[PDB]
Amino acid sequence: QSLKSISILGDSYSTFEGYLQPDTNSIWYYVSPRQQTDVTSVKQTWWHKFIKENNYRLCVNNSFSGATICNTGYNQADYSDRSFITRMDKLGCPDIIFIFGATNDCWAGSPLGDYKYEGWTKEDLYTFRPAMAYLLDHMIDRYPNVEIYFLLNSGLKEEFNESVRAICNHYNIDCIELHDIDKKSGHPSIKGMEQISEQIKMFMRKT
């Protein structure tokens, strides 16, 4: 009888003013938009749409605007305070987790690094492939028997697409490859948010 709940570990694309935990996380989508976007309600987000329309509950949305998977941010800055690998332990007690990241690592120019599936050092976690592997490894152990789905944004560099896809395959994690997402200011529009939700449902109907 009890419906499965979903948490989100995301970035700008999964933020919405007043729905972020911790509440100090940076927001991209406001009720009264700050940037030029047509999205003005949480009901229009990809995650609220998917959760509400597929009979799920909302658990924790730990999304942070401009966050990278790894600890190298924009202009080589240290993003250890806001990275996905730092925030992965605060997602409540969900039944399903969506990971929606890697866009910022792609556009920040974070070093891609080498594939590393164990013995991660502090130096390694400043590069992408070791941080992506460390994320999935630690989350599989932290969230036993929780369904984990990686959402891969459309329009990223192929080196990030292939890295995300290879590391997800290593850990047997489903990687949902988003395509043709309609964007405004490089972020999903109302149409784009609907396309993300319908593409997740397509992937669930196939899998």
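The first residue of the shown sequence is 1; numbering continues from there.
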| Going by the B-factors listed in the PDB entry, is the mean over the C-alpha atoms higher for 26-34 or for 47-55? | 26-34
| field | Higher-scoring stretch by recorded Cα B factor average, 5-13 or 182-190 | value | 182-190
| request: Ordered by C-alpha B-factor within the chain, which third holds residue 157? Give me lowest, middle or highest, please. | output: highest
| Assigned third (lowest, middle, highest) for the C-alpha B factor of residue 92 | lowest
| message | By the recorded C-alpha temperature factor, relative to the other modelled residues in its chain, which third is residue 106 in? | response | highest
| query | Taking the C-alpha B-factors as the PDB entry records them, is residue 133 in the lowest, middle or highest third of its chain? | reply | middle
